[PDB]
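Colleague: Okay, handing you the structure first.
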Amino acid sequence: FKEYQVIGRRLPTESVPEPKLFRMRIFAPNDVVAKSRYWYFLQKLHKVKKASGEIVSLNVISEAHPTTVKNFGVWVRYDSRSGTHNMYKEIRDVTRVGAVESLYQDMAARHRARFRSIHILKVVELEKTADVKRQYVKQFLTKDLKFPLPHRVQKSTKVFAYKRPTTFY
RNA sequence: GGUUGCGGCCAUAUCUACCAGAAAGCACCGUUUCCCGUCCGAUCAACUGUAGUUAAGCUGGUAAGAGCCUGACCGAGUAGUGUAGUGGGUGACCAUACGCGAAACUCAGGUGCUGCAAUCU
């Protein structure tokens, strides 16, 4: 994934030139999917369609500080078999892109919700801990977090081995 | 501009209710010998433009009007739908992708225009 910015005009009509312009932080894998997802999200907010309209600018937004662990709040409208829900998941990730990648998996695992079902409504780095509502984020926001990785396992490149394996760590 | 004759598109011209109309024209309007037609000179026919009148018609104007039209990132890019999938879903159906795309609804504006001929403070 990447987080494309997509800006789009509509078109110019005689009588109304210089139209309003719009902008979306589309989390799309590439220029081409960006430009879909933008228009798919436009077509649900305005009376404009890729034909009667135009993209202005793709710009790939990069994470400002991409080696800092962040608590990303994300709101999601996802469509079930039955009915469509809102949500609010929180994701400890080092970028928006990684978060929103790893949300789509988390949605897919926990709700069988495919990428095409989910909308990413808003994404937000949460400044304060406390605003982190979910327990499963909160775990890792503890004063002096130490833990082990019990039951380590070794990928032997060979078939056999003689030493008889161990899970010490 | 008004009016008349013949008109074009055929309600932006229809309808409902209330006001205004100088000039001309229109009209209502008077008469029954003749042609003419009726149960009945009302209609139609003829005669006068004389006795009268804008009351009605006709025209124009008014109405948070009915209707009619036109438009709008008003609703709705919805509903629907053409194509695509070894997409979902027990299925019923649904979601997406490339496409086209309504109607009610909501608001705004409008409410005959116009041709030829003739005529009129």
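Colleague: Contour minus end-to-end for A:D144 and A:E14, with contour as 0.36 nm per residue of separation and end-to-end as the Cα-Cα distance? Mind dumping the intermediate values first?
Modeller: Numbers: separation 130, 0.36 × 130 = 46.80 nm, distance 6.44 nm.
Between A:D144 and A:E14, full extension yields an extra 40.4 nm.
Colleague: Could you work out how far helix A:96-111 tilts from the main Cα principal axis of chain A, as a 0 to 90 degree angle to the nearest 10?
Modeller: 80
Colleague: If you don't mind, there's one more thing I want to ask. Treating the beta-carbon of each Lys and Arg as +1 and of each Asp and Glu as -1, no other charges, what is the dipole magnitude of the range A:68-150 about its Cα centre, to the nearest 20 debye?
Modeller: Working: 17 positive and 9 negative charges, 50 e Å.
Value, rounded to 20: 240 debye.
Colleague: P(r) tail for chain A, what percent of Cα pairs lie past 26 Å?
Modeller: Values: 6771 of 14196 pairs.
Every Cα pair in chain A considered, those over 26 Å come to 48 percent.
Colleague: How much mean residue ellipticity at 222 nm does chain A get from its helices, if each DSSP H run of length 4 or more adds -39500 (n - 2.57) and you divide by all residues, to the nearest 500 deg cm²/dmol? The partial results should precede the final answer.
Modeller: Numbers: 3 runs with 32 residues, N = 169.
About -5500 deg cm²/dmol.
Colleague: Another question about this same structure. Give the order of A:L121, A:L103 when sorted by the count of other beta carbons within 10 angstrom, beginning with the fewest.
Modeller: In increasing order of surrounding Cβ atoms, one gets A:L121, A:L103.
Colleague: Among A:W39, A:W75, which comes first, second and so on when ranked by fewest other beta-carbon atoms within 10 Å? All intermediate terms of the calculation are to be shown ahead of the outcome.
Modeller: Working: A:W39 21, A:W75 14.
Ascending number of Cβ neighbours within 10 Å: A:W75, A:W39.
Colleague: Give A:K70/A:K146; A:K44/A:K89; A:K70/A:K158; A:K35/A:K133; A:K20/A:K128 a once-over and call out the pairs whose C-alpha atoms are over 28 Å from each other. Mind showing how you got there, number by number?
Modeller: Details: A:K70/A:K146 19 Å; A:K44/A:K89 23 Å; A:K70/A:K158 40 Å; A:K35/A:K133 34 Å; A:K20/A:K128 35 Å.
From A:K70/A:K146; A:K44/A:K89; A:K70/A:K158; A:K35/A:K133; A:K20/A:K128, over 28 Å: A:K70/A:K158; A:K35/A:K133; A:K20/A:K128.
Colleague: Between A:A64 and A:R114, take the C-beta separation as r, use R0 = 35 Å, and let me know the FRET efficiency to the nearest 0.05. Intermediate values should be presented prior to the final figure.
Modeller: Details: r = 30 Å, r/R0 = 0.86.
The formula returns an efficiency of 0.70 here.
Colleague: If you filter the range A:62-141 for GluC sites (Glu not before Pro), then keep DSSP loop positions with at most 10 other Cβ within 10 Å, what is left?
Modeller: Numbers: sites: A:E63, A:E90, A:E101, A:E125, A:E127; in loops: A:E63, A:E127.
Taking the range A:62-141 and a limit of 10 other Cβ atoms within 10 Å, the loop GluC sites (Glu not before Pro) found are A:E127.
Colleague: While we're on this one: May I ask you to derive the relative contact order of the range A:57-131, considering only C-alpha pairs under 8 Å and at least 6 residues apart, and to give it as an integer percent?
Modeller: Details: 110 pairs, mean separation 27.6, N = 75.
In percent, rounded to a whole number, it is 37.
Colleague: Another question, then. When chain A is modelled as a GNM with alpha-carbon springs shorter than 10 Å, which of A:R96, A:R116, A:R23 fluctuates the most?
Modeller: Comparing A:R96, A:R116, A:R23 in a Gaussian network model of chain A, the most mobile one is A:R116.
Colleague: When the dipole is taken about the Cα centre of chain A, and only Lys, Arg (+1) and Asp, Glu (-1) are charged at their Cβ, what size is it in debye, to the nearest 20?
Modeller: Values: 34 positive and 15 negative charges, 154 e Å.
Using Cβ point charges on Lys, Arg, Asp and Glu, chain A gives about 740 debye.
Colleague: Once the other residues with Cβ under 11 Å from the Cβ of A:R25 are scored (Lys, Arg +1; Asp, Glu -1), what is the net sum? Write out the running numbers ahead of the final one.
Modeller: Numbers: positive: A:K2, A:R23, A:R37, A:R96, A:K122; negative: A:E3.
Local charge sum for A:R25: +4.
Values quoted throughout were computed directly from the atomic coordinates according to the rules given, and no laboratory measurement underlies them. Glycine also receives a Cβ, built like all others from the backbone with ideal geometry; neighbour counts cover every protein chain displayed.
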